[PDB]
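Structure first, then comments.
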Amino acid sequence: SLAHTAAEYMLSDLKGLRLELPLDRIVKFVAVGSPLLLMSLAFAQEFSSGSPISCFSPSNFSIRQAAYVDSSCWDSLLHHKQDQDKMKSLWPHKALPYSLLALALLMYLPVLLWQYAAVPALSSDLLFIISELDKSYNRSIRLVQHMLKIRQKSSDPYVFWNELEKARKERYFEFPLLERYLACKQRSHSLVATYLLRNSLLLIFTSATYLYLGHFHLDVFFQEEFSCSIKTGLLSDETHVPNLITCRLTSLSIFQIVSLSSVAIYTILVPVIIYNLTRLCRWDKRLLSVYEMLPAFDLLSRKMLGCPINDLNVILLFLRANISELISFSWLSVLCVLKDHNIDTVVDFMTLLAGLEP
Amino acid sequence: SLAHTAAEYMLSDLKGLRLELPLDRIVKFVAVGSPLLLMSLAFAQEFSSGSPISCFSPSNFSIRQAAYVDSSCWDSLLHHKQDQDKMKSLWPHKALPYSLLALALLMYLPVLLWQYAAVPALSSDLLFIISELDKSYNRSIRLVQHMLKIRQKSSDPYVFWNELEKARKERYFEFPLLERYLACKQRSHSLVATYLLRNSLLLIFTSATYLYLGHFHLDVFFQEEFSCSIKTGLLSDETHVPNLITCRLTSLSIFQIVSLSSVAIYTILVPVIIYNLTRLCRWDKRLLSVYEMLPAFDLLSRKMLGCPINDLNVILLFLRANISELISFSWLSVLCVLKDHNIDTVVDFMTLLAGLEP
Amino acid sequence: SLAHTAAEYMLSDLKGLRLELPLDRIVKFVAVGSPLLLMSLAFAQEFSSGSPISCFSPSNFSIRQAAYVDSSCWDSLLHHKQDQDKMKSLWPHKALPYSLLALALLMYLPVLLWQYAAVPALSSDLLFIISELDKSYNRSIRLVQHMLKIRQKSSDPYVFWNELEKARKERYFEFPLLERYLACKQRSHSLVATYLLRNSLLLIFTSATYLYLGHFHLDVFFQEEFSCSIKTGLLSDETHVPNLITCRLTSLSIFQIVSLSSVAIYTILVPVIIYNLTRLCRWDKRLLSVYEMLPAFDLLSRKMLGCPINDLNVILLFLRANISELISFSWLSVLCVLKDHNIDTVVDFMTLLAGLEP
Amino acid sequence: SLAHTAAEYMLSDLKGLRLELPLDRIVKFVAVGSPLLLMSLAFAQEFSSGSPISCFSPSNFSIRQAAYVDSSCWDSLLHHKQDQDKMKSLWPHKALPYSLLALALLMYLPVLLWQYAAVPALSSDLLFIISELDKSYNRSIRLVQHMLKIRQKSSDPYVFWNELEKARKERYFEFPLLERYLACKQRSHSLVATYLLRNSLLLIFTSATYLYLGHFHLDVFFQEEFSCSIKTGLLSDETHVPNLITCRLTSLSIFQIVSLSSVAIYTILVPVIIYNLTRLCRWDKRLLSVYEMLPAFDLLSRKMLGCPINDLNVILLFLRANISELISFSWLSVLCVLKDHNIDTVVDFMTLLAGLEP
Amino acid sequence: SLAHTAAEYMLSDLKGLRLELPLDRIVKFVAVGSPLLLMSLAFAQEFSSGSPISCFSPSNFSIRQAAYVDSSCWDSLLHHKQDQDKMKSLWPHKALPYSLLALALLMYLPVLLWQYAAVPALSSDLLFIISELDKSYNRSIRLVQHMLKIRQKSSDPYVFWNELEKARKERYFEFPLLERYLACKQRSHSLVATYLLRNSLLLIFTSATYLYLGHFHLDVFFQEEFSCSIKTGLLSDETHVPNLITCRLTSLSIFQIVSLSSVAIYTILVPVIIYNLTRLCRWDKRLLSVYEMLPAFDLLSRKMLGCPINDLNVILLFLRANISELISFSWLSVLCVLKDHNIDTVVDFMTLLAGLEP
């Protein structure tokens with residue numbers, strides 16, 4: 002089955028960045044692999060359908076004539092009701111695998127749009143961001159060996175403030191270019207549209223699937239017997255039954271169960287994308303108390319105003335997922351005992372020098 | 002069969028930390044792989060079922076007519092009893111693989127929840143804790159070694175009872191950051207909730223499986239013959255049998271054996287999760303006797319009081335399984351001969372000094 | 002099926028250079044793999060063909076005679092209409111896989127032409143050009159150190175208003191090799207033809223596919239029943255039906271869907287080739303403002319005049335995709351804060372020393 | 002067949028330690044894979060059974076009726092003997111694959127028990143021993159090499175019986191850390207119970223297999239023809255033979271051969287388990303003569319007294335297998351010429372210094 | 002087929028030592044893989060047997076009745092000859111696969127026992143012997159170069175006939191540990207018993223195969239038609255043929271060919287085993303003429319006395335296959351010139372100083 006090779010080629014799980032949120036990956040997995048899995052279950056493995064149509068041909072017919080009768084109606088699914099002659103078609107029974115494959119291909123479009131429209135740019139931005147944090151951290155490394163015999167011998171305030179205010183105007187406190195980079199990036203409105211459009215495509219496709227299931231299905235759902243005709247052409251001048259009644263659709267149960275599963279999976283999937291969309295509608299101030307004290311992280315906390323829709327929200331959402339890899343997976347994360360005005364200041368710095376890393 | 006592929010993808014066996032207990036692993040393996048194995052056995056390998064329904068059609072029927080007979084009843088499981099006209103359905107026979115796959119997928123949810131909502135924080139805490147405790151070694155053999163050298167130069171109270179306080183309560187012998195970190199953790203109640211929910215989901219899934227097996231199964235269990243009807247539609251105006259009796263279900267034995275095995279496996283597996291849950295309801299004091307001597311290992315034994323339902327219990331339980339990789343898989347493990360007040364204290368030192376460590 | 006294999010060898014995704032645009036890549040993917048996917052869907056997997064034609068032979072015929080009748084009309088697919099005796103053929107039904115394979119093979123010609131007659135000559139140019147232009151960061155505030163420091167040494171115009179005509183404009187700063195190379199490349203008109211030919215081949219082949227679908231298809235489209243003759247040879251002297259009416263094509267629906275999808279995919283693909291060919295018809299000056307300040311990058315924006323159909327256009331088109339490999343993954347992409360006269364050009368400068376890499 | 006996959010997954014052949032004896036390994040292999048091999052041979056490959064039952068239906072019956080007759084008795088194996099109506103079941107014929115799979119999975123429990131309840135503790139207790147034994151090597155030859163500085167030019171009585179006699183009491187040569195450890199492990203009894211349970215499980219399991227083969231088999235062994243009944247339900251009101259006599263079991267020979275092989279393999283396997291049980295019941299004093307002279311091995315050759323049940327026996331048993339890895343695969347193994360009171364003590368030493376390794 | 006799987010698992014082709032003689036390897040290959048190859052050839056691939064028995068049922072019988080007749084005699088092979099009622103059985107036709115697999119498994123036991131009972135000690139001895147023998151190179155050139163250098167400074171008896179006793183019988187030109195090791199080992203008789211038993215097991219298995227082929231085969235060899243009985247049970251009260259004559263065995267020729275090949279292969283194999291056995295019954299003295307001149311190799315050449323059945327014989331037998339790895343793959347192998360007492364001793368020593376090892 003092509004479902005397996007589809008699952009292998011597409012839907013398959025720089026050098027270090029996490030470019031996709033776990034919830035987005037879960038949503039993509041569930042929305043893309045479900046049609047392929049349903050197609051694999053329906054037309055392979057357990058339920059060997061064989062022939063999807065059976066016909067009650069008269070006993071006078073031979074084997075090949077019965078095969079002709081049952082094969083000339085599968086491609087001509089038409090109910091010749093006696094109620098004029100409203101020939102109702104049951105084409106979903108034949109087009110179900112095509113619809114499943116079309117939905118599987120369609121649900122992959124937002125993934126490609128995200129991956130190609132804006133991923134080199136985001137990679138460039140965050141790569142540059144991480145390319146100078148390491149060098150500034152190295153520039154901040156050469157303070158502990160300065161704070162070992164100059165800091166120790168003192169009457170507490172002076173050196174543990176005195177050398178700090180000496181280091182305050184000293185050029186390893188004010189960061190080189192971030193003060194302008196963040197101003198450039200926050201105001202630019204280019205990358206939020208990609209996120210919004212990616213979520214809107216999934217919502218629109220779910221709505222389209224609902225419309226498809228509500229309009230074409232739900233009508234031929236409890237219909238299992240239909241009467242066809244063979245003498246509708248060159249065979250009209252022949253002596254046999256003019257209405258080959260009681261042609262039964264063998265795989266009706268598979269049809270119903272596939273429809274129900276397709277409805278249910280997207281029904282439970284709907285609110286997750288809405289939550290992801292609403293994630294960007296607010297300014298996240300969970301850990302902002304500890305951010306305003308650190309030199310570099312003060313700038314991230316400062317530019318938190320105005321409309322909550324700009325590139326800064328997405329960049330911060332991606333950095334928070336990338337703030338714990340190997341180097342910021344440190345004191346910053348360990349600074350959880352500082353979440354509970361002259362004592363708090365000296366308590367906060369003692370904790371900082373307690374984790375003196377080397 | 003897709004059971005093999007499902008076993009390949011899901012249920013397939025930082026950088027050194029153990030993020031799962033062996034009992035939890037065996038529980039997950041047994042609860043996940045069992046439905047897949049049952050599905051593989053039931054509809055593949057040994058017993059090639061062929062057609063799960065056989066029909067005793069009258070000899071006047073043709074081959075294609077008999078095929079239509081036996082295909083028009085496998086999707087219309089209905090016992091047309093003469094007792098009015100209660101058509102009892104036998105749909106579990108058709109839906110057994112569906113139920114098995116659904117159970118296998120449902121039982122994978124707690125593993126995903128544990129992986130997504132608790133693994134990173136617990137890994138971070140374990141990393142910080144191990145990085146702090148590995149430095150506790152060169153603080154009781156390298157810092158305390160000047161108790162044996164001074165003991166032989168003096169006698170009793172001012173050499174062994176009056177120096178254990180000015181050295182134990184010394185700056186190099188304190189870990190205040192670790193004490194504060196565990197003090198803030200013992201108040202937390204987030205990560206224990208993940209464990210409780212992970213076990214509770216398995217409990218409710220086992221209960222739901224019990225209701226499913228007790229309500230739908232156990233009724234169609236000893237019934238192997240049912241009389242169907244064909245003239246319930248456009249075939250009503252025809253001359254043949256109106257009640258085509260004795261349609262026999264071929265794979266009843268597989269059904270019964272699968273149901274019995276599913277009952278037995280989970281009946282055996284039930285108390286294990288209960289024991290896992292009650293593991294957290296007590297404070298474990300199996301080795302505190304040797305722990306309270308060490309500098310850093312005194313703290314984790316000190317903050318051991320009050321209600322046991324908290325984060326520190328979980329982190330310590332995971333730490334016990336994580337205390338023996340390559341570094342603490344040493345003297346700490348060898349500290350078994352000191353498990354049996361001023362006699363052994365001078366003799367427990369000589370065993371400790373006997374090891375020249377590197 | 003051969004479609005899977007052809008997808009494995011053909012269409013499978025120096026040492027760092029990107030010689031193909033992503034739009035070109037996706038165009039090639041969706042132009043080459045689409046007929047292979049259609050062929051795989053049409054004659055394998057979900058829809059099991061069996062026999063592509065059914066015959067209504069008289070009941071007197073045996074099984075082997077009916078098989079002969081069925082097999083003697085597929086290779087002689089021929090409508091003997093009574094309307098003299100215009101013997102219309104329905105050969106597209108038989109020739110669809112051959113046509114699909116021919117189109118799939120024909121789609122590869124522009125790709126191989128570009129890979130053979132364009133890649134090495136252009137790759138030499140890219141390697142050489144990136145090689146000179148790398149020598150621009152050594153001609154930075156390392157060599158322009160006495161320009162920011164001369165602000166207080168010297169005064170006003172001959173600092174950062176007229177200092178550039180003698181101190182900057184001198185032999186060390188300028189590059190004669192670029193001046194010699196770019197003019198000759200501008201006058202050259204060799205490689206400007208390969209891109210146009212490769213796009214025009216795809217356009218011509220699309221038009222040919224349209225003509226094929228409009229002439230041979232769209233006529234035998236709703237025809238599913240035709241009458242044949244078997245007494246057109248050595249069987250003429252036999253007593254049986256002289257014309258065997260109602261030979262039904264079982265796979266008419268697959269034919270219709272294949273034709274419709276083939277039309278739709280190429281209709282969607284048509285404008286992208288036009289966009290790609292028109293990409294070269296204009297000069298891109300999006301980031302020319304920041305290019306003319308830099309020493310080496312000034313020459314790229316200086317030779318920007320005349321007719322756009324030149325080698326330089328393709329060179330810069332491929333360079334902008336490779337301007338972010340690992341070393342130019344830096345300040346030039348960083349300099350977004352410079353896209354908003361005395362304060363303007365100075366602010367151009369301390370932004371350069373902020374990203375001083377080491 | 003699932004037997005192949007079961008063989009790959011289970012029963013598939025620190026970092027250098029040998030935690031398993033070869034005899035126990037071969038016992039596990041021949042006890043686990045044997046039922047899997049029998050299952051693979053019995054229901055696949057050479058003997059393509061097809062249908063396990065053949066029925067002599069009357070010639071009036073059609074093909075479908077005969078198929079129903081032969082399929083309605085395989086799942087209802089019940090001998091309707093005329094001797098009241100003691101309908102006897104021949105259910106082992108249908109349950110043989112289930113029994114084989116149950117035994118194959120069932121034999122694997124002791125392996126898991128040994129791997130989970132004894133591997134870590136034994137690995138640690140043996141690793142400490144080998145680590146001490148490879149860290150206390152230099153004090154066996156080079157220790158007396160400095161005493162050999164005088165030995166070359168000093169009289170034997172006072173440089174072989176008195177000068178290095180004090181070196182025996184010296185600080186450098188003594189291993190109390192073993193001396194207490196051996197006794198402490200000797201007083202324990204935790205790990206011997208795991209070995210005893212592992213072997214007793216195999217013994218009980220073989221006896222259970224014997225009970226199964228003696229009670230339910232050995233009765234339907236020469237029976238190949240049984241007479242069934244079809245009119246035992248809704249078909250009672252029909253005109254045909256009341257008993258479909260002479261239903262012959264096709265695969266009786268496979269049944270008999272499988273039973274005989276299962277009996278013979280375990281009959282051959284029985285004494286090895288007993289020998290492994292009694293291996294622990296005695297002191298192994300094969301090489302105690304050379305152990306009592308060596309520094310570290312004197313302690314190993316000191317403590318063998320009292321009851322034979324202790325963890326020390328298992329530890330030394332596993333150490334003997336690992337005493338020839340790469341470093342103890344040395345002079346100790348070379349010391350085979352010292353297995354044949361003033362000349363014995365001197366010949367034993369010039370042999371020791373003859374193999375002075377570097 | 003299991004033949005391929007067995008070939009992959011069993012019979013599949025320290026760290027440098029060669030512990031199996033090429034002749035032993037080819038003997039094992041041609042003795043183990045031959046039955047597997049015969050089984051793979053005969054019961055698969057080219058000769059698709061299908062049904063191994065054909066029945067000439069009367070034309071009145073139906074298809075299912077004929078299938079019953081032909082399936083109830085394959086498992087009941089009994090010739091109801093009219094000559098009382100000597101029902102001769104033809105069970106080898108059914109048991110040939112089982113016999114072939116049993117022979118294939120039986121021929122592997124000596125390999126396993128040799129692997130498990132002789133490899134460790136032999137490898138230890140070989141490693142010891144090589145690690146001592148490789149030191150002999152700097153023991154005849156680095157130590158005896160002052161034999162021809164002094165020779166030119168004097169004349170005859172005190173320069174080439176009186177110094178050969180002072181220099182040869184010196185401390186550094188002696189190997190006491192090695193000579194004692196060989197003295198101890200030539201008394202041993204453990205490893206030689208393994209070789210003798212390994213060869214005798216193949217001999218007895220060959221004789222058993224001959225007995226099996228001569229007792230059960232060679233009787234049913236030209237018999238292809240046997241008359242069975244079907245009214246030997248519940249069918250006795252029926253109206254049909256009491257003697258269903260002419261049940262023809264389809265696979266007689268392949269049976270004959272398999273038997274002939276099995277006889278011929280082992281007939282060819284027999285003398286190789288006896289030659290391998292007789293290899294140990296003599297002292298090999300081919301290159302021993304020069305072995306008496308090297309210092310260390312003199313001990314290997316000295317102890318050729320008494321009965322040749324010793325562990326020493328086997329240790330040199332495995333040594334000669336291992337004298338040409340990389341280091342003794344040298345001057346020793348170069349020494350072909352000196353295969354054609361003062362004259363020869365003085366002329367021959369001109370090579371090592373000329374052919375320097377430095």
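Residue numbers (the deposited numbering), protein chains in the order written: chain A, 2 to 14, 25 to 94, 98 to 354, 360 to 377; chain G, 2 to 14, 25 to 94, 98 to 354, 360 to 377; chain B, 2 to 14, 25 to 94, 98 to 354, 360 to 377; chain F, 2 to 14, 25 to 94, 98 to 354, 360 to 377; chain E, 2 to 14, 25 to 94, 98 to 354, 360 to 377.
Where is the CB? At the ideal position from N, CA and C, for every residue including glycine.
Annotated as distal: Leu123(F) and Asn290(F), with beta-carbon spacing of 8 Å or more. Residue environment: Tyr195(A) is assigned as buried (16 or more neighbouring CB atoms within 10 Å of its CB, all protein chains considered). Neighbours of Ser83(A) across chain B, judged by C-beta separation under 8 Å: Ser65, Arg262 and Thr264.
From the listed residues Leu12(F), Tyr209(F), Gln93(F) and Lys353(F), the smallest Cα separation to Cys295(F) is found for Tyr209(F). Counting only residues of its own chain and dropping the five nearest sequence neighbours on each side, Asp367(E) has a CB closer than 7 Å to the CB of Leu352. Residues of the stretch 100 to 123 of chain B whose Cβ lies closer than 9 Å to any Cβ of chain A: none. Taken through DSSP and simplified to helix, strand or coil, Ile259(B) comes out as strand. Judged by beta-carbon spacing, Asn336(A) lies within the 8 Å limit of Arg29(A), meaning their Cβ atoms are closer than that value. Contact of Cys350(A) with chain G is assigned, a C-beta pair being separated by under 8 Å. With fewer than 16 neighbouring CB atoms inside 10 Å of its own CB, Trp175(B) falls in the exposed class. Excluding five sequence positions before and after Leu308(B), the CB atoms of its chain that fall closer than 7 Å to its own CB belong to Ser150, given in chain order. A buried status is given to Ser243(A), since no fewer than 16 other beta-carbon atoms sit within 10 Å of its beta-carbon. Excluding sequence positions up to five before and after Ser265(F), its CB lies within less than 6 Å of the CB of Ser60 and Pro63, all in the same chain and listed in chain order. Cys66(F) sits close to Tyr79(E), with the two beta carbons spaced by under 8 Å. In this structure, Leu88(A) sits near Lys108(A), with a CB-CB distance shorter than 8 Å. Here the C-alpha atom of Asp94(E) lies approximately 29 Å from the C-alpha atom of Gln76(E).
In the displayed model, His254(G) falls within coil according to three-state DSSP, outside both helix and strand. The beta-carbon of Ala197(A) is placed less than 8 Å from the nearest beta-carbon of chain B.
Closest option to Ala310(G), judged by alpha-carbon separation, among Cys198(G), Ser204(G) and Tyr186(G): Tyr186(G).
At a cut-off of 8 Å between beta carbons, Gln200(F) makes no contact with chain E. Neighbourhood of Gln56(F) in chain G, by CB distance below 8 Å: empty, with the nearest CB roughly 13 Å away. For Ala7(A), no CB of chain B lies under 8 Å from its own CB, so it is not counted at the interface with that chain. Against chain F, the beta carbon of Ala78(E) has neighbours under 8 Å at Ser65, listed in chain order.
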